[PDB]
Each structure stands twice: as C-alpha cells, then as structure tokens.
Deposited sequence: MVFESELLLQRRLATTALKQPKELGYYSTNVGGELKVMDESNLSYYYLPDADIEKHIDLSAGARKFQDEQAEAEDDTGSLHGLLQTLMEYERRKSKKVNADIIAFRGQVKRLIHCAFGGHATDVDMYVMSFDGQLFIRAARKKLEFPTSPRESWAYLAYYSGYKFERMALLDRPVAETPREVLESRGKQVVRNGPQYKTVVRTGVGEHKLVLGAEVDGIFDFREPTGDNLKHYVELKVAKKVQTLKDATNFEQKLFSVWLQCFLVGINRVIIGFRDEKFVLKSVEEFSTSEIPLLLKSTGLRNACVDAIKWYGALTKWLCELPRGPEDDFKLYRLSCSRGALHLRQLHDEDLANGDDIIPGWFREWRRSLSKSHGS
C-alpha cells in the first residue's frame, strides 16, 4: 500500500515521450477466435465525396443491427490476446520485452482523462506485479451497453459509431474490392464482433509501456514487412459544429481522440460530421500531432496531460516489483480528486488466469 494515493493535479516537469514502436498485432472475434500476428481484421479507409453526396444516414439499419459484442459472453478486459502476441514477439528475441507496464491503451487513456474531465468511475482496474513488471486490466468483464430502445438517442449514438465504420471502411484495398461491394455499403449489415489490434512499445518519462490498442483501419497503404503505426487511422463521429456549445463539445472530442491516438503513435484521424438527424454532412482529416496546436487556438491541455501521464506512470511504477512481489494484487481507482491503489487478498484472482494466465507465467520462467 506504500504510495496509496496520487492527487489529480500532480504533474511531472518532464514532457519526454518515447517514439512508439509496433511490436505485433492480432485479429480477434467473439467466440474466442484469436489470431496472433494476423491482419485479417485490419480494414482500409475509403469514403469518396460521391458517397457523401448521397446523404448517408448513420441511423439506418439500427433495428437490424447484430450487436455481437453485446450478445457475447466474454471477458472484455482480458489481457489474453495481448499477452499471447507479446509472448510470440519475445519468443523471437528469446527475451522478455523491456517495459514497466503492460496494458490496453483504453485503460491508460481513462487514467489520463480522469484528471481532465473524465469520469472517476471509469477508472476501475487491477494491477498485478510479475517478473519486474505491472499488468493492468479493466476489472469489468463486460462493457456497459445501452439498454434503451433502438430509436433512442442513446442507442443511435452508440450504433452510429459502428455504422460510420461500415460506410467508411473496406475489408481490402479499394482496387481489390468488388464494385457491388463499393456501391452497396448502405445495405450491408453492421457488425462489431471482428477486431484488429496493434501491440506497441512506448514511453513517457523514464518509463516504458507495452500497450494493446484496437485499430480502425489503414489510411493509405500497409507495409507487410514494416511498422504500420504511421499508416493507421482513427475514425470518429461528431456533431457538426454550429454553436458555441457545439464547439466546446468538439474541442473535448478532439482532446480525447488525441489522447486515444498519441498514446500509440497513430497519426491519422478522420472525423465524420453529422447533423441532429444522424445524417453525415462531411468528413475532415486531422493529424494527431497537429491537435495540440489546434487546441492552443481555442489551452495548454495537451502538455498538462503529458505531465499528468508521466506522474501517474512513475507513481504506478513505485509499486514493489522484485522477485518476492510476484502475484501481489491491487485495485486501482479514482475518487475524491485522487487516484487510489489498494492491495488485495483474493487468492482466486491472483492464482487464476483472470490477469496473468499460467501459460504466460510458465513462459516467463522458461526465460530466467
């Protein structure tokens, strides 16, 4: 329990970020399908002006949407896919990855965000120490799906995100896509089961992290034998700005998508702007490194976030990580303006697969 708490206004004076580097990738689907070092679920961006001129309705198909994530019974916070891909990478070099924290981008994002307007309740994770490193996972085994009717704002907003993915992405590059396919994206059923994730090594301050992140597609082209961070794009839906209150909202979405992308080196953002009827009006591309300067013309928010990020990283890295500390377990939360760490005594969580599975523990021993 030693450094049990970290105040949300704490800041490290160091803005130093590492160049993030792609280590690996993997494709998943509900029903436990995992494919290590496989890019099957990586999509390609294609949304021509001609398509946008057709007045794309991002609420279309909401009633017949197959919510495969909602229907699945699977552990959405699990590190299993990440660790498997990591194992395979370490197996190439026959050597543990050099890093302090192993986690999902989404969870780190939530950690940073809770100092800048993000909900404190979104931070609810486990930290387990093992082999000199910290393993961090969402505590929740399943996400919180909107349960209101499908004609509701809350449901349409939720769906539109996936609908815009279907209208703006392709399974393969344009050249390799049948015409029937290019011209009928409006008809096709929207899915959320299939995912593609990158696994990246990055850093802030003195500390290095390994982050899994879900990736929306390739913007321009893929390098089969190179690092594809620079080619990835993050897709996002936002309400068309026409009022002072819209603008402030959009500034938040910008800061937020900047959190989402800078963490793992994704430099391309595309935002589909909708009206209140969920009709797509236009699309605008942004470069991630540009967002902080854009926000400056509205704030020092990005620089502070980085200082916060370094503070919480060094704070978490103060947890004991020596040979006697294997399988210690902690709950990480946010409340009353601070982050909290609390050691746990739950032998079933610590000895089961929920955080670090046996096959991975066994793999790391085989290395010492």
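Missing from the model, by position in the deposited sequence, are residues 1, 300-301, 372-376.
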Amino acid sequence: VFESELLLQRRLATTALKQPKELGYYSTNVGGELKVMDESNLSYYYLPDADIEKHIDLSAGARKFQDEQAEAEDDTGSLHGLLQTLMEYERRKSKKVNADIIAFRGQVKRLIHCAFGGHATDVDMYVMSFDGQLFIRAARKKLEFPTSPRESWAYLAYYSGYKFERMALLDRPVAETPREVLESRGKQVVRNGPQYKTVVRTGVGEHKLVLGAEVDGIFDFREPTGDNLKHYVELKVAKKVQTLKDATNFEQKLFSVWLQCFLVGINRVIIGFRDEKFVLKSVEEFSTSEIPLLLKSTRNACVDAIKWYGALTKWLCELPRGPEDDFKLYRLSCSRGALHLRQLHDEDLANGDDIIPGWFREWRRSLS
From here on, numbers count along this sequence of modelled residues.
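Mean CA B-factor, 234-242 versus 210-218: the higher value falls on 234-242. When the two stretches 167-175 and 81-89 are set side by side, the higher mean Cα temperature factor goes to 81-89. Taking only the listed residues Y330, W308, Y26, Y45, the entry reports the highest CA temperature factor at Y330. Between the residues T313, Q66, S40, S59, it is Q66 that shows the highest Cα B-factor in the PDB record.
Among the modelled residues of its chain, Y126 has a C-alpha B-factor that falls in the middle third, as given in the PDB entry. The entry lists a Cα temperature factor for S94 that places it in the highest third of the chain's modelled residues. Per the PDB record, residue ranking by Cα B-factor puts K296 in the highest third of the chain. Residue-level temperature factors show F145 in the highest third of its chain, judged at the C-alpha atom. Among the modelled residues of its chain, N249 has a C-alpha B-factor that falls in the highest third according to the deposited record.
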